[PDB]
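**Q** Anchor point for the sequence shown: position 105 equals 973 in full-length UniProt numbering, and the numbering is continuous, going up by one each time.
For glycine and all other residues, C-beta sits at the position ideal for the given N, C-alpha and C.
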Amino acid sequence: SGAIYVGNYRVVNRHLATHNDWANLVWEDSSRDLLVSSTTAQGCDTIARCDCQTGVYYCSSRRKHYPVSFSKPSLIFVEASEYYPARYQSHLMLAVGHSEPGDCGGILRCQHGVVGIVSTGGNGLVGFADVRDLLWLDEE
Ligand SMILES: NC(=O)[C@H]1CCCN(C(=O)[C@@H](CCc2ccccc2)c2ccccc2)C1
Ligand SMILES: [Zn+2]
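1) May I ask which residues mark the beginning and end of the beta strand (DSSP E) holding residue 881?
2) With ligand 2 as the reference, list in chain order each residue whose Cβ lies under 6 Å from any of its heavy atoms.
3) Does the beta carbon of residue 951 fall short of 7 Å from some heavy atom of ligand 1?
4) Mind checking whether the beta-carbon of residue 906 lies closer than 7 Å to any heavy atom of ligand 1?
5) Three-state secondary structure (DSSP) at residue 990?
6) Tell me, please, whether the stretch 875-887 touches the stretch 900-913 by the rule of three or more beta-carbon pairs shorter than 8 Å.
7) Pick out whichever of 967, 928, 977 and 983 has its Cα sitting closest to the Cα of residue 992.
8) Note down, in chain order, each residue of its chain lying with its Cβ closer than 7 Å to the Cβ of residue 937, except the 5 sequence neighbours on either side.
9) Residue 881 CB to nearest chain C CB: under 8 Å?
10) Within 10 angstroms of its Cβ, does residue 887 collect 16 or more other Cβ (buried), or is it exposed?
11) From residue 990 to residue 955, what does the alpha carbon distance come to, in whole angstroms?
12) Would you say residue 927 touches ligand 1, meaning its beta carbon is less than 7 Å from a heavy atom?
13) In whole angstroms, what is the alpha-carbon distance linking residue 994 and residue 1004?
14) What residue range is occupied by the uninterrupted alpha helix (DSSP H) comprising residue 890?
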């Protein structure tokens, strides 16, 4: 579990959005596993605007922040699960690191800000849904 809070936005994994998030929807993309909902209060997160491939992510299954190298956002094959059929997930970055399903929502950060949130994994790999191309998160 976990979310990004920037301005009047809550960014969460689409497969984990609560009923309250759907009743206050801004934008969603099934192919990226992202959903953005409106918030009454202002958030403090700054989104990174860069091409960094090294950062630190939070892993709830180990209660640890791990430094990692990660790939460029890409269309990656994600196996069928209870949340989606077998498909290509876009804007996904992989890293060698421990991750388990309950780790989704963990933030990945670089020196510039929030890069993305855990969305996939397994096999000593962890995948992050990128949010750095969502330039509109920095306005209104
Ligand atoms: N974005 C998605 O479509 C997610 C939805 C939840 C499930 N997804 C994952 O990647 C799972 C592992 C799936 C798996 C298990 C066993 C064998 C082959 C695959 C996972 C593991 C670790 C961290 C986060 C998620 C896909
Ligand atoms: Zn950066």
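**A** Per the coordinate set shown:
1) Taken as a continuous stretch (DSSP letters only), the beta strand (DSSP E) holding residue 881 covers 872-881.
2) Those residues that bring their Cβ nearer than 6 Å to a heavy atom of ligand 2 are 916, 918, 920, 978, 979 and 980.
3) Because some heavy atom of ligand 1 lies under 7 Å away, the Cβ of residue 951 counts as near it: yes.
4) No.
5) The answer is coil: DSSP assigns residue 990 none of H, G, I, E or B.
6) Contact between the stretch 875-887 and the stretch 900-913 is present: 3 or more CB-CB pairs across the two stretches fall below 8 Å.
7) Nearest of 967, 928, 977 and 983 to residue 992, Cα basis: 967.
8) Only 921, 922 and 963 meet the Cβ criterion.
9) Within the model displayed, chain C is absent; a lone protein chain is all it includes.
10) The residue in question, residue 887, is exposed, as its Cβ has fewer than 16 Cβ neighbours within 10 Å.
11) Near 16 Å, if we compare the C-alpha coordinates of residue 955 and residue 990.
12) No, Cβ of residue 927 sits at least 7 Å from all heavy atoms of ligand 1.
13) One alpha carbon belongs to residue 994, the other to residue 1004, and they sit about 26 Å apart.
14) In the DSSP assignment, residue 890 falls within the unbroken alpha helix (DSSP H) covering 887-890.
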